Amino acid sequence: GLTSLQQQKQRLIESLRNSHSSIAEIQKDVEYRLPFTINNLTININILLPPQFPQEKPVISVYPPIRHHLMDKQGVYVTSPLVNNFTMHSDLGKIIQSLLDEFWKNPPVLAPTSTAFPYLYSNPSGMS
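Its first residue numbered 21, the sequence shown is counted upward by one per residue in the deposited numbering.
Here it is, written out as structure tokens:
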């Protein structure tokens, strides 16, 4: 491999996907989404893999917003130590496991949020 990062990044994805069967790929090698159910509550963990990744931290968001000690002040963006410790020597899949595991300890609660996104622009994928 000419570049270590591209080979390393692939190692991260195959491990994460393998760890999580439910995990669904939204964007090839760029966006991963894992659904999590707790207390009859369904949430979805969104994962972003920037070009810099894994040399850079990923962007993780939760919808709908929940009230947790790992939830940012906005209650929309995720900012936890698990994520902070993110590094090439750390298994991204493990981080995801930790996020929902924390919820298991204490189920999430819908927190106040905006009625809609600033540029809410999303349409159905359609049949094809």
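Ideal Cβ positions, reconstructed from N, Cα and C, are used throughout, including at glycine.
Counted as a single uninterrupted DSSP element, the alpha helix (DSSP H) harbouring residue 24 occupies residues 24-39. In this structure, residue 75 and residue 25 form a Cβ contact; the two beta carbons are roughly 6 Å apart against a cut-off of 8 Å. In the structure shown, residue 90 adopts coil according to DSSP, grouped into three states.
Ranking 67, 142, 132, 70 by CA distance to the CA of residue 88 puts 132 first. Residue 105 has its alpha-carbon roughly 11 Å from the corresponding atom of residue 99. Beta-bridge partners of residue 66 (DSSP): 53, 81.
Straight through space, the alpha carbons of residue 139 and residue 121 are spaced by roughly 32 Å.
Residue 43 is not bridged by DSSP to any residue. Going by DSSP, residue 75 is part of no alpha helix (DSSP H) at all; its letter is neither H nor E.
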